[PDB]
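Below is one structure, written out as structure tokens; the observations come after it.
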Amino acid sequence: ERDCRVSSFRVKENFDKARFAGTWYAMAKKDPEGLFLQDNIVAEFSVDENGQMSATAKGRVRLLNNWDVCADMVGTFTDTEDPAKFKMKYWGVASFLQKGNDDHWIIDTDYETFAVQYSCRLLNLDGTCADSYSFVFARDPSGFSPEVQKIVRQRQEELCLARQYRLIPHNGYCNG
């Protein structure tokens, strides 16, 4: 019944870039193929005078060679016809870190407690997502109330990603 085509997923109505600014702690994540960013992920979003949103993030990355490293990442966002859907250009301070461009959609947020983000990197021929990623963020590192958890589970189902997220630990690895 419920549809899994990317094009039918709802996004945050009248998304407010200025109210979304600030620190966000990743509480859970659904990984894409060839995952990057393992844990200890914290993002800081900013909006300039002209309305251009940007963000920085820190997180542990397991190098293919088994070294663990703390990645310092940067992303700039371009607005689209949908205030909640952006195109994100990203790179790291260290040249060996992943660089690219991915869609960045704000599925839902209350601005003060939680946010649900989603990106589909590759579309299947049917319109469904063949490779996606999603982060659940919180304003407080302690988490969300049960009432918010209820809303998050629902959005997760709506993205056809129910049961596919893992909890993200924070142990100060990248200084936290």
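So basically every Cβ, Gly included, is an ideal-geometry build from the backbone, and we count neighbours across all protein chains shown. Each value in this text was obtained by applying a stated rule to the coordinates, not by laboratory testing.
If we scan the stretch 12-19, do we find a residue that is part of a loop (DSSP other than H, G, I, E, B), touching a residue at least 24 places away in the same chain (Cβ under 8 Å), under 22 Å from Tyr111 (Cβ atoms) and among the aromatic types (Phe, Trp, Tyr)? Scanning the stretch 12-19, I find at least one residue that is part of a loop (DSSP other than H, G, I, E, B), touching a residue at least 24 places away in the same chain (Cβ under 8 Å), under 22 Å from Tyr111 (Cβ atoms) and among the aromatic types (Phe, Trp, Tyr), so the answer is yes. The C-beta contact set for the stretch 160-173 (first residue within 30 Å of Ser8 (Cα to Cα), second residue hydroxyl-bearing (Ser, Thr, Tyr) and not in a loop (DSSP other than H, G, I, E, B), distance under 6 angstrom, 6+ apart or interchain) comprises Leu161/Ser134.
What are the residues in the stretch 82-119 that are assigned to a strand (DSSP E or B), of a type in the set (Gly, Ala, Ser) and surrounded by fewer than 20 Cβ atoms within 10 Å (Cβ to Cβ), if any?
Applying the first criterion (assigned to a strand (DSSP E or B)) to the stretch 82-119 yields 85-92, 100-109, 114-119.
This time we only want the ones that are of a type in the set (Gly, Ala, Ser), so: 92, 100, 115, 119.
Of everything in the stretch 82-119, those that are assigned to a strand (DSSP E or B), of a type in the set (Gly, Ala, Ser) and surrounded by fewer than 20 Cβ atoms within 10 Å (Cβ to Cβ) turn out to be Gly92, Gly100, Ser119.
For the stretch 120-153, the set of residues classified as of a type outside the set (A, V, I, L, M), loosely packed, with under 15 Cβ neighbours inside 10 Å and under 20 Å from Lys85 (Cβ atoms) consists of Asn124, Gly127, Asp131, listed by residue number. Taking every residue in the stretch 45-70 that is touching a residue at least 40 places away in the same chain (Cβ under 8 Å) and over 14 Å from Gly92 (Cα atoms) and pairing it with any residue that is among the basic types (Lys, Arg) and surrounded by 14 or more Cβ atoms within 10 Å (Cβ to Cβ), at least 6 positions away or on another chain, the pairs with Cβ-Cβ distances below 8 Å are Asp68/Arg60; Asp68/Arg62.
Inside the stretch 32-44, residues that are within 16 Å of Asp102 (Cβ to Cβ) and out of contact with any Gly (no Cβ under 6 Å at 6 or more places or on another chain) make up a count of 6. Within the stretch 16-39, the set of residues being of a type in the set (A, V, I, L, M, F, W, C) and farther than 20 Å from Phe144 by Cβ comprises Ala18, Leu35, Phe36, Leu37.
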